[PDB]
Amino acid sequence: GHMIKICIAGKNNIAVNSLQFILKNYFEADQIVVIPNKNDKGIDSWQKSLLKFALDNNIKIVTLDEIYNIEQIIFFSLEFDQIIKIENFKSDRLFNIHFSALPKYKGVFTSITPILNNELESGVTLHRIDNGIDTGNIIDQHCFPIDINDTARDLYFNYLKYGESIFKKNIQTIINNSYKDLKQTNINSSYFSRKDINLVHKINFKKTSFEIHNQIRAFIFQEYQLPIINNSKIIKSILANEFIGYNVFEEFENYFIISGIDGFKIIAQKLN
Amino acid sequence: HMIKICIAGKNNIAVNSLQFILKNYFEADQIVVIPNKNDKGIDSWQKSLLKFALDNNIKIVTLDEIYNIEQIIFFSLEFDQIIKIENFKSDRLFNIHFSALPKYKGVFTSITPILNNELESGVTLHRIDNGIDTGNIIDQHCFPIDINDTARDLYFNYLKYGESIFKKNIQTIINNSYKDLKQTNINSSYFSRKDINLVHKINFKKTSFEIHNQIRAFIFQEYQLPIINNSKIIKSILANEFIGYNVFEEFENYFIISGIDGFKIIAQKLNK
Ligand SMILES: Nc1nc2c(c(=O)[nH]1)N[C@H](CN(C=O)c1ccc(C(=O)N[C@@H](CCC(=O)O)C(=O)O)cc1)CN2
Ligand SMILES: Nc1nc2c(c(=O)[nH]1)N[C@H](CN(C=O)c1ccc(C(=O)N[C@@H](CCC(=O)O)C(=O)O)cc1)CN2
Ligand SMILES: Cc1cn([C@H]2C[C@H](O)[C@@H](COP(=O)(O)OP(=O)(O)O)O2)c(=O)[nH]c1=O
Ligand SMILES: Cc1cn([C@H]2C[C@H](O)[C@@H](COP(=O)(O)OP(=O)(O)O)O2)c(=O)[nH]c1=O
């Protein structure tokens, strides 16, 4: 009955690409609205800007308060920066793509957390929004590897790619309201808030090589920060099977050679 | 040499394993024992290795006294000393570690797997090398960490499964016909004493699974119980009933708690 069919809220390549897909296959511009994040300056950089795409393509910029009363609107959060309260909305068609393999790693900095916690894989998860943080019923999930030398930045770019793809996979059944979901289990459910991550990580070397490597690469995301060892920024960590002795630490002009308690070789590459 | 085997360590695993060799394999005269430094020589919530040895006229020795015994089987069963393999003429040096190696090398392994959200643990028979819990794996038995298991419960499973894997493998060790495999670098983790604060401060900005896990990982009454508002907790019970987000209410006998995902925990106060 309403003119507005869908709201894309959030940021970065995922939001912009998903919005382009709907504009191309599903809805005309005047049936779409967007809510960019508060820090969206409308500048294309290492990620596309949702604000800029909307401006460039004549898609109206709204607030949450403007869409609460639109019956039957489809609302999608793609890296959106606000916690919603479902009772504000007339529509119950409220969706989020969360960058983790729920029920693990709810909350923030999910490019960092699974790496820091020694995971070999991650995922993106399409779920209904309930009042809790990343707690809603799962509609679809796609898991993928965290390669051994992947950095947080590498994992983030995989989120973007696989998140975009899971949006495309599911959007038809969302629009025709034929989707199925399953409640998240209590078991395996984990969560991190911003308070739980110090982005200036102090490395604990009394750890295995795997753990030391993980501590370094979880913080490699150059647009924000790089880990520092002996007053040198690190751009890459490489973990090998080679035994070189226990608890090695040697600084060279271009790299460190490190091993932990189990003696496997790490090369930590300096930016310089 | 007359002496074929040294049992070194503590607790019912060491005592029962020694009793098994005495009964099936070797005479007292063929055995020597190194108890841990804190062995009182009386039974308590575990049996004393020192007492057992003495009761059975098995000689108490030091490490210094066994280094030069050619072909001696050295068997660490919760031993409290790090060895240096070049001290020994024999290369028949073994340990049973209370984890599913290569995860959770080092200490407090009844705590660490729970605190880190694992659903299972294991015991692992390996060759001793100069690293801590790093040597080649000969056998492993994995088993569940049940949802409401405490650190104590886990520890008693370690004792039991560890005794069993000792018995399963000891003939091949004696005959030197066992097979092993080097441990992987991936999944290897380690904890040292400094990493665990045994007076745990619960982080309630977490999921109910995580809060529960935090509690029960420190339930081991012989040492400590975790404390919530000046009451010791003896049992945590996690259910999949949703009760709302971030519940915390204290009653005379228990607390009702939920985390960010709203699943019900009952934390039972110690009766004392
Ligand atoms: N109700 C609800 N809103 C949702 C989602 C959800 O699953 N449920 N998914 C997304 C969740 N999200 C992003 O994808 C998002 C946005 C902002 C904050 C937020 O305000 N975080 C602070 C909380 C401050 C505090 O509680 O102290 C933080 O971690 O410190 C959190 C998550 C978008 N909105
Ligand atoms: N070389 C070696 N010795 C071994 C084993 C091993 O795999 N390798 N297994 C057992 C390992 N063990 C028990 O099963 C054991 C005994 C004491 C300490 C110890 O002294 N821990 C200190 C570490 C000091 C440090 O390395 O910095 C700690 O955590 O504070 C560690 C492990 C017995 N001895
Ligand atoms: C803000 C910030 C993000 N990051 C990384 C990790 C995050 O997974 C990724 C995307 O960040 P962001 O979009 O801010 O938050 P979230 O991961 O909480 O959705 O950027 C840093 O490494 N350092 C930072 O200071
Ligand atoms: C010493 C100590 C141990 N424990 C638990 C954790 C250990 O898994 C178990 C046996 O302790 P101990 O045998 O001293 O340590 P480890 O696990 O390092 O071999 O008891 C406590 O809960 N509190 C304590 O103070």
Side-chain angles (χ1 to χ4, degrees), chain A residues 83 102-108 116-121 130-136 145-149 183-196 204-215 238-247 259-266, chain B residues 82 84 101-107 115-119 129-135 144-148 182-195 203-214 237-246 258-265:
Chain A
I83 297 301
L102 292 167
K104 302 189 160 186
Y105 306 110
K106 296 174 173 72
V108 299
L116 192 62
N117 287 283
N118 308 315
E119 297 293 348
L120 302 184
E121 53 190 74
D130 66 29
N131 280 340
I133 295 154
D134 315 318
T135 41
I146 297 170
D147 283 346
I148 186 69
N149 300 321
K183 281 166 100 287
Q184 288 191 50
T185 319
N186 55 341
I187 303 302
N188 294 312
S189 177
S190 63
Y191 166 88
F192 297 80
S193 78
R194 264 182 176 266
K195 301 198 77 207
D196 296 331
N204 183 357
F205 288 91
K206 287 239 171 77
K207 295 296 223 170
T208 69
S209 302
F210 182 60
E211 292 173 303
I212 292 173
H213 170 68
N214 290 347
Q215 283 178 80
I238 293 149
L239 184 69
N241 266 191
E242 187 185 338
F243 186 82
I244 61 166
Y246 310 113
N247 299 311
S259 65
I261 74 87
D262 50 3
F264 301 104
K265 193 188 186 180
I266 304 166
Chain B
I82 307 295
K84 290 181 206 170
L101 290 172
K103 296 182 154 197
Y104 303 107
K105 301 174 171 68
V107 306
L115 187 53
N116 286 276
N117 314 309
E118 302 286 0
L119 301 187
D129 71 16
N130 286 331
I132 295 163
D133 305 320
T134 38
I145 310 181
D146 277 346
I147 189 57
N148 301 318
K182 63 183 188 163
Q183 289 185 55
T184 60
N185 59 342
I186 62 149
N187 299 310
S188 187
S189 56
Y190 164 91
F191 296 78
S192 74
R193 296 206 158 67
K194 299 146 165 229
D195 290 324
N203 182 355
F204 293 85
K205 272 207 172 40
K206 298 297 226 168
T207 64
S208 298
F209 181 65
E210 294 176 291
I211 284 167
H212 170 66
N213 287 347
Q214 285 179 73
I237 313 277
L238 177 68
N240 57 227
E241 185 185 353
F242 187 79
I243 65 162
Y245 313 115
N246 309 307
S258 70
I260 73 87
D261 52 352
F263 302 109
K264 186 183 190 181
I265 304 157

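Reckoned from all heavy atoms, side chains included, excluding hydrogens, waters and symmetry mates. Labels below follow one simple rule: chain letters A, B, ... track the order of the sequence lines, proteins then strands, and each chain is numbered from 1.
Interface residue B/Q183: only backbone heavy atoms are found under 4.5 Å from chain A.
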Which side-chain N or O atoms in residues 187-194 of chain A pair as donor and acceptor under 3.5 Å with protein atoms at least two apart or in another chain?
residue : atom : partner : partner atom : Å
A/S189  : OG   : A/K106  : NZ           : 2.7
A/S189  : OG   : B/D261  : OD2          : 2.8
A/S190  : OG   : A/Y105  : N            : 2.8

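Taking both residues in full, the closest heavy atoms of B/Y245 and A/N131 are given as CE1-C, 3.9 Å, listed atom of the first, atom of the second, then distance. The heavy-atom pair separating A/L239 from B/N185 by the smallest distance is CG-ND2, 3.7 Å.
The candidate with the highest count of non-hydrogen atom pairs below 4.5 Å against chain A, out of B/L119, B/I132, B/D133, B/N246, is B/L119.
Applying the salt bridge (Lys or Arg N to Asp or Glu O under 4.0 Å) criterion to A/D196, with sequence neighbours excluded, gives B/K206.
At least one side-chain heavy atom of A/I261 sits less than 4.5 Å from a side-chain heavy atom of B/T134.
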